[PDB]
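I have placed the structure first, in the form of structure tokens, so that the comments after it can refer back to it.
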Amino acid sequence: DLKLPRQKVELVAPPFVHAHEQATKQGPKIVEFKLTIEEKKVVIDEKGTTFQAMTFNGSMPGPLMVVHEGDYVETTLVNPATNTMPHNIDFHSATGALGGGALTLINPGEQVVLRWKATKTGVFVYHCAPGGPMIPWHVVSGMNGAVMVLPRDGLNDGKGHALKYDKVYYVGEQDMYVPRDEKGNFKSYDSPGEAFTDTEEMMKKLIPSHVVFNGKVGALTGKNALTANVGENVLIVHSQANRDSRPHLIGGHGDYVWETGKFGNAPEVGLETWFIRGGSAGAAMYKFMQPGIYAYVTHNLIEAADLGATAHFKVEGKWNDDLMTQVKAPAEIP
Amino acid sequence: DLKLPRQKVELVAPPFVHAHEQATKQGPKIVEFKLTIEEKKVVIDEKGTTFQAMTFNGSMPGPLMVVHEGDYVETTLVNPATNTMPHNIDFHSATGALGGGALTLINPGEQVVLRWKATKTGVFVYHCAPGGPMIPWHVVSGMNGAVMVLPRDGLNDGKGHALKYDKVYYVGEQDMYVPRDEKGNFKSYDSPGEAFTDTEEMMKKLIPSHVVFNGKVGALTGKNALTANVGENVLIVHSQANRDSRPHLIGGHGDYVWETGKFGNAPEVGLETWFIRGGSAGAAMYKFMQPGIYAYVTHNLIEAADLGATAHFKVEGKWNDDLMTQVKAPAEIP
Amino acid sequence: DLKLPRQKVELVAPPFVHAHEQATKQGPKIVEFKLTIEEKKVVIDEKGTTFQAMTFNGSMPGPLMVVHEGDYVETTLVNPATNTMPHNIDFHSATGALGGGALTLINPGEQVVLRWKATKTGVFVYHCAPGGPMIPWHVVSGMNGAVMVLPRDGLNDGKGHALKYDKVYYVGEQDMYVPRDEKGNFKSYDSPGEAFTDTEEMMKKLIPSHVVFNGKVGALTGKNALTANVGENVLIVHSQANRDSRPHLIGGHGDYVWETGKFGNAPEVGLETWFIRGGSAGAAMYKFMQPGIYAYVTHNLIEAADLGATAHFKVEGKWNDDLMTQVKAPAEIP
Ligand SMILES: OC[C@H]1O[C@@](CO)(O[C@H]2O[C@H](CO)[C@@H](O)[C@H](O)[C@H]2O)[C@@H](O)[C@@H]1O
Ligand SMILES: OC[C@H]1O[C@@](CO)(O[C@H]2O[C@H](CO)[C@@H](O)[C@H](O)[C@H]2O)[C@@H](O)[C@@H]1O
Ligand SMILES: OC[C@H]1O[C@@](CO)(O[C@H]2O[C@H](CO)[C@@H](O)[C@H](O)[C@H]2O)[C@@H](O)[C@@H]1O
Ligand SMILES: [Cu+2]
Ligand SMILES: [Cu+2]
Ligand SMILES: [Cu+2]
Ligand SMILES: [Cu+2]
Ligand SMILES: [Cu+2]
Ligand SMILES: [Cu+2]
């Protein structure tokens, strides 16, 4: 008989995050979320390569869910009849029943409601896990996201000082396994089912064909570049449900980084590159000091430049010549 | 002329650990251990794939040895005449002579006795290292284990509070390289010697055919599942002598984790997934809050589900509906 | 109008480091460095395999640059007309313009001068990054190095105690991708340009053919072994610009380790193996307790023993039988 107040959240597509408070005077609530599974063929690169995706809420990654320590998270998972497979959800933030997996298995046409208490602070992966060989396949097909469980007093630096972010972005990195035909071209399939045999043979060799942020090569570039201004403190949440990543902000730093992603631990300071362990999420905060283009990459540069894993930030403001200056422009050698 | 008291230890096969004290009032002793090398053909999967294993004491991993800071560890290594190759032992816990390697090289028919002082606390890898290209081959053939060097006052949380475990398990993860024939089937060999050429070609490509806990697919499942009860604090020691692993307790957490495995460092708290660097051991403690099945995996899920790297825990006790509850069971979508 | 004193540094080839102070009473200066790009065909292994290298100052890695927090680093980058490609430089230690990349693009025949303020302490990677698919190619061709930014008061253990090193070595690890012909032999090329197509196809498969310290198999062995004496505190700086490494000193430990490489964070103590994230540098200090040969390796032992990634230390001094002793030499089993 759990009679706490209820609060609905309207989830938003990554890399944006639904509005939330950092430090709050609210007590525990039941926070209500809904996720609807969609299986769909998507284009993942600039050459028109297709991929049989399975998603929460139609996006890779799934949306970031934000709650505070001690809240109860009540999720409605819906598997519409237009899908062909059973699905479930496992929250790394939750305790028991394989993270909820064992309580949320639903066939097409069904829905389920799980509630779990947010007893551990940090950013955590959630993903589908419908048993056996299906677990890796569903996850690398795009069925993963993250949840952020904040302390009620907001983030701190471990030395008693508040760390308040002006905005948060969620970057979900996805390793994809697209088989090639004899010619050397990527193959296309009519269904996830048909993709399965060839996709599993490739997965077991452990080398992805693509590594992408937000579902596609170039997803967070151009018009969809991340943005900030000089003086803004930005939190970047990064998740990888299956394989390690090494985030790096080219031209910046991680001023405060929780590489294991758990706010019970003090953050590390002044990082160049941090490490997100496969099956986890981490978070890094940086205060922009300079305008211009930044690239956020995994610093396996082959993955970043050749397999898809580069985002951009466009930052506005005034150039600081004390920090960096071109003393002499390119000129002929004397 | 080292005249301290002597204590013999009867080693036990993993994942169990020989009886020991955590905090102790004993002073330094000479703790005596014996390891006998066995080369043997073993079955590593459910389809009957065979593998030319080389082991300490007949198991993969080798047994966990437990001592306290300041003890002297005296190991008798025996290489019976039934073996075909020279072997040795290197302890990452020890100082000098390539970890003992340079002092323990023995041909079939010989034995040696090494003593080293346990000056550094934590869990450490030990492995065979008989020079040059043989070093990786012997290690990935199964010749590795771990030693745990406890503080005399037991483990602590870094904030002055004792951390006492009710039981400890040792999970050794092994990357195996089994070549395939033209047909696509795994190959079998009559000797380790004969396996060598094909095995080395495959090793150099860096992708394992199998990744297993305790020597075999499914070794820690079914009747040999790990066990606990709600309320029990369990320490899991995890080693990987050659390749990175990312342990994850599905349905739980790492309440206290030493991912680099060294007790001179405070543990991290509240992890979802931790990282064991190739050539190291780590340790994670969790107090079970819920009954039921848990899976302990490396959270490269392809490795976990498809290459062999999943263990189970069966936990007894009372379900806690506050922590997690199925609010509404699978029903048709309204 | 920046009128601070100027200091020139004569860079030295790795693994040596140019003379510097640890703790200093100097205030901020403009420290002046010059790097000259050389493209050249080099031999990378004992069987005579060749490789189209691109380097800073003719070495892989590029030289270590050492400054103190608050200094201004003024680098002249020179791209002589004997080179065939444009190049630039990105410092992970610097803030803005893609680490300087966006301000330092130079064609053969040109030079440029960049100045940046060293606001963050630690060891940082620098590398070429001339846009798009060229970025990984230039980096894995050898164009990377590191810079060390010291606190003005020198290193500390995080508990108020100074950590002073008696010598420092810089070990740069390079992943190389050398394609093979139909026969199975490594291919040779007349130019970097010609190597590009085949090299890029191989890079995208993510498995190196060689992994080497200081540019070549066996570079830091034999006459070029690293050296120390019992009682000496040695700092080893390790960088990897593209791919993870797991350094291990066989026979020793990391007494104090900054695995993420940033001196704003206290070091970890008593490590067996540490982890250098791709796109970063780390640093580990050890006081030698025993004489003899040590091997410093990445503890993927296949990489260490078979792909090139092993260095040696030769240490002089007196054997300590308390720490380790052969109690009984190899003898026949009774
Ligand atoms: O041209 C036939 C010849 O090509 C191979 C591939 O080398 O197979 C191709 O043709 C087969 C018959 O048309 C197809 O079944 C197959 O998918 C395709 O690779 C050989 O196996 C065959 O002898
Ligand atoms: O059928 C002969 C033909 O098959 C190949 C493989 O395509 O080799 C097979 O047969 C050889 C001769 O019997 C064996 O030595 C070899 O091990 C096996 O692969 C071809 O090389 C050969 O022309
Ligand atoms: O002997 C010709 C036969 O060999 C193949 C490889 O199996 O190609 C080799 O010879 C070609 C023609 O000389 C070369 O172009 C090629 O580089 C080499 O591999 C077959 O393709 C060909 O039928
Ligand atoms: Cu699913
Ligand atoms: Cu998971
Ligand atoms: Cu051996
Ligand atoms: Cu080792
Ligand atoms: Cu270049
Ligand atoms: Cu970089």
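Ligands are counted one by one from 1 in listed order, and the atoms in each one are counted from 1 as well. By convention in this document, chain letters (A, B, ...) are assigned in the order of the sequence lines, proteins followed by strands, and residues within each chain are numbered from 1. Computed from heavy atoms alone, side chains included, the values below leave out hydrogens, waters and symmetry copies.
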Closest heavy-atom pair and its distance - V125(B), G279(B):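 Closest heavy-atom pair between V125(B) and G279(B): CG2-C, 4.2 Å.
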
Of all N/O/S atoms in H87(B), the name of the one nearest the Cu ion (ligand 6):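 Closest to the Cu ion (ligand 6) among those atoms: ND1.
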
Under 2.8 Å from the Cu ion (ligand 5) - protein N/O/S, by chain and number: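 Near the Cu ion (ligand 5), the protein supplies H92(A) NE2, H127(A) NE2, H299(B) NE2.
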
Pair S245(C), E173(C): side-chain N/O donor-acceptor within cut-off below 3.5 Å: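 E173(C) and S245(C) do have a side-chain donor-acceptor pair below 3.5 Å.
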
Parallel, tilted or perpendicular: rings of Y296(B) and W274(B) (30°, 60°):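 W274(B) vs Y296(B) ring planes: tilted.
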
Parallel, tilted or perpendicular: rings of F313(A) and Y294(A) (30°, 60°):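 Judged by the thresholds at 30° and 60°, the geometry between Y294(A) and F313(A) is perpendicular.
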
Nearest-0.5 Å distance that lies between atom OH in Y189(B) and atom OG1 in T199(B):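 It is 5.0 Å, given to the nearest 0.5 Å.
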
From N242(B) atom CG to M176(B) atom CE, the distance as rounded to the nearest 0.5 Å: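 One gets 12.5 Å once the value is rounded to the nearest 0.5 Å.
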
Heteroatom test (N, O or S) for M143(B) near the Cu ion (ligand 6), limit 2.8 Å: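 It does; at least one qualifying atom falls short of 2.8 Å.
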
Passing option when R277(A) is tested against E259(B), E272(B), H299(B) for side chain to side chain donor-acceptor pair (under 3.5 Å):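 The single option meeting the side chain to side chain donor-acceptor pair (under 3.5 Å) with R277(A) is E259(B).
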
ND1 (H138(B)) to the Cu ion (ligand 6) to SG (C128(B)) angle, given to the nearest 10 degrees: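 Vertex at the Cu ion (ligand 6): approximately 110°.
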
